[PDB]
Amino acid sequence: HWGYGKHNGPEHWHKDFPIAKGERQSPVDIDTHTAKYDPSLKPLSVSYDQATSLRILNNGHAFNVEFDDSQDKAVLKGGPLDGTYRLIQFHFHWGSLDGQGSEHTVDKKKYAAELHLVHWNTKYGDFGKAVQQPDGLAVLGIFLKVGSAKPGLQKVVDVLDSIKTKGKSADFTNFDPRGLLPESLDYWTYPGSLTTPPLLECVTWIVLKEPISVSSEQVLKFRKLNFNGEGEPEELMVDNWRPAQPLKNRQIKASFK
Ligand SMILES: COc1cc([Te]C[C@@H](O)C[Se]c2ccc(S(N)(=O)=O)cc2)cc(OC)c1OC
Ligand SMILES: [Zn+2]
């Protein structure tokens, strides 16, 4: 099965998922001098006051914090988006070392990690229908750098011991994803893909310019997770990031001057 090892990592994915070599793959390098300010882009509307978190799951590739998306409780609107996108889950990608881990890069700079808040377009009715559409998903990407602790992350860090291995889940109610946001909602945006198989070309990417700070102790706890199942030889969950893909015939737009 696909993963992030020497034998099943990103350079292998094209054999089972040929869209890996497609025209709108993610992530990409954001060249900050080549991105054009688009004064027609609206401020992002992040409406997370009624978010209902349910569960946290180790899926063998990352961990997902899942939300109740059976109503408009936590939605993303505005910016480059038409209509209403409902939050379904968030997850991270991170490195074995602080100098790598992000999927997007900024002038080839890699951050220690990247948060992905995944949303689906309510005009398609469910997430599985939305991933078949070129405007099906909106993913809000937020870089993490190592410095001061992020207080709003600690409730996630403290549950990771209970989902160490693939297939483990834990109740995770009353988590407020507003505690993961930076101060500024300035962003870059471009049309792209899922960054894991099946690599579907269904994503409007919205990547925030301002990183959040997390502590070395917080990211060390991410790196204690396991790719393996319980009672299998330990393989640490690190370096679960896809490198930057060719931009091809795409333009990255900036919300800011
Ligand atoms: C949940 O129901 C389904 C789900 C799926 Te496609 C799930 C899973 O295999 C990948 Se979800 C995902 C989300 C975000 C990212 S990222 N890193 O942010 O780019 C990467 C991957 C297809 C289905 O049918 C078409 C479906 O039937 C209902
Ligand atoms: Zn992701």
Side-chain angles (χ1 to χ4, degrees), residues 2 4 9-44 61-62 76 78-82 85 90-95 99-121 130-145 182 184-211 239-257:
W2 70 268
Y4 295 101
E11 303 310 316
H12 296 269
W13 295 351
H14 72 101
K15 294 177 273 174
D16 285 282
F17 302 93
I19 201 172
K21 297 185 189 290
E23 295 307 302
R24 60 172 277 190
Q25 289 290 291
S26 295
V28 300
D29 181 57
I30 300 166
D31 188 274
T32 65
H33 290 110
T34 300
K36 196 188 157 70
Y37 170 61
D38 184 349
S40 75
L41 282 171
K42 301 174 229 141
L44 214 47
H61 306 293
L76 183 66
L81 303 175
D82 293 334
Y85 288 68
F90 71 74
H91 62 273
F92 304 82
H93 307 263
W94 62 90
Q100 61 195 48
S102 65
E103 296 209 302
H104 293 90
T105 56
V106 178
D107 298 331
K108 300 295 182 91
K109 182 187 168 57
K110 295 178 176 81
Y111 287 87
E114 189 174 327
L115 170 58
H116 289 162
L117 295 129
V118 180
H119 311 74
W120 57 272
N121 191 333
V131 299
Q132 297 176 57
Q133 312 297 330
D135 62 349
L137 295 195
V139 184
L140 181 60
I142 303 178
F143 295 117
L144 279 62
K145 67 182 188 191
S184 177
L185 299 181
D186 291 343
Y187 63 88
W188 298 283
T189 185
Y190 75 96
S193 75
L194 304 180
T195 70
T196 69
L199 298 167
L200 295 171
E201 290 181 336
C202 61
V203 182
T204 302
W205 277 95
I206 302 171
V207 177
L208 295 191
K209 175 184 94 269
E210 182 179 357
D239 295 318
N240 58 351
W241 49 275
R242 189 189 193 188
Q245 300 300 309
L247 190 60
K248 300 195 161 154
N249 188 43
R250 291 177 291 181
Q251 280 185 340
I252 302 177
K253 300 177 171 158
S255 76
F256 62 90
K257 287 179 177 71

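When reading the values below, keep in mind they use all heavy atoms of this one structure, side chains included, and skip hydrogens, waters and symmetry mates. In this chain, residues are counted from 1 in sequence order.
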J.: So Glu201 and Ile19, side chain to side chain contact (heavy atoms under 4.5 Å, CB included) or not? Walk me through it.
T.: CA-CA 8 Å; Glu201 290 181 336; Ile19 201 172; 3.8 Å; yes
J.: Would you call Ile252 and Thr34 a side-chain contact if the rule is heavy atoms closer than 4.5 Å?
T.: no
J.: Is there a donor-acceptor pair under 3.5 Å between the side chain of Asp107 and the backbone N or O of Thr32?
T.: yes
J.: Just wondering, do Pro182 and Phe143 contact through their side chains at under 4.5 Å, heavy atoms?
T.: no
J.: Say you draw a straight line from CG of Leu115 to NE2 of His91; how long is it, rounded to the nearest 0.5 Å?
T.: 8.0 Å
J.: Taking all atoms of both residues into account, what is the closest heavy-atom pair of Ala130 and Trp120, and its distance?
T.: CB-CB, 3.9 Å
J.: Do you know the tightest heavy-atom contact between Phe17 and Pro197?
T.: CE1-CB, 3.6 Å
J.: How far does CH2 of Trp94 sit from CH2 of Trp241, to the nearest 0.5 angstrom?
T.: 14.0 Å
J.: Taking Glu210 for its side chain and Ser184 for its backbone only, find out whether a donor-acceptor pair lies under 3.5 Å.
T.: yes
J.: Verify whether one side chain among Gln100 and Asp239 offers a donor that lies under 3.5 Å from an acceptor in the other.
T.: yes
J.: Any donor-acceptor pair under 3.5 Å linking the side chain of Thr204 with the backbone of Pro191?
T.: no
J.: For the rings on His104 and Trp188, is their centre-to-centre separation under 6.0 Å?
T.: no
J.: Determine whether more than 12 heavy atoms belonging to other residues, nucleotides or ligands lie under 6.0 Å from atom CG of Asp38.
T.: yes
J.: Below 4.5 Å, heavy atoms only, C-beta onward: do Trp2 and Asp16 meet side chain to side chain?
T.: no
J.: Picking from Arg242, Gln245, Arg250, what satisfies side chain to side chain donor-acceptor pair (under 3.5 Å) with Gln25?
T.: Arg242
J.: Mind checking whether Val207 and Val106 have side chains closer than 4.5 Å, heavy atoms only?
T.: no
J.: Is the number of heavy atoms from other residues, nucleotides or ligands under 6.0 Å of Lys110 NZ greater than 12?
T.: no
J.: Rounded to the nearest 0.5 Å, what separation is found between the CD1 atom of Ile206 and the CG atom of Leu76?
T.: 5.0 Å
J.: Supply the atom-to-atom distance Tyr190 OH to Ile30 CD1, rounded to the nearest 0.5 angstrom.
T.: 7.0 Å
J.: Quick one: does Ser193's side chain have a donor or acceptor within less than 3.5 Å of a partner on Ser26's backbone?
T.: yes
J.: Does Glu114 use its side chain to pair, donor to acceptor, with the backbone of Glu103 at less than 3.5 Å?
T.: yes
J.: Quick one, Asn240 and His61 - any side-chain contact, counting heavy atoms below 4.5 Å?
T.: no
J.: Any sub-3.5 Å donor-acceptor pair from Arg24's side-chain atoms to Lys248's backbone N or O?
T.: no
J.: Check for me whether the distance between the ring centres of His93 and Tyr4 falls short of 6.0 Å.
T.: no
J.: Looking only at heavy atoms, which two atoms of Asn121 and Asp135 are closest? And how far apart?
T.: ND2-O, 3.1 Å
J.: With rounding to the nearest 0.5 Å, note down the distance linking CG in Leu41 to CG in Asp186.
T.: 11.0 Å
J.: Between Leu208 and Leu44, is the side chain to side chain contact (heavy atoms under 4.5 Å, CB included) condition met? List the steps.
T.: CA-CA 10 Å; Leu208 295 191; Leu44 214 47; 4.2 Å; yes
J.: For a side chain to side chain contact (heavy atoms under 4.5 Å, CB included) with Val139, tell me which candidate from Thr195, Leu117, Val203, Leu194 qualifies.
T.: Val203
J.: Rounded to the nearest 0.5 Å, what separation is found between the NE2 atom of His116 and the CZ atom of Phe92?
T.: 10.5 Å
J.: Looking at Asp29 and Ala244, would you say the former's side chain and the latter's main chain have a donor-acceptor pair under 3.5 Å?
T.: no
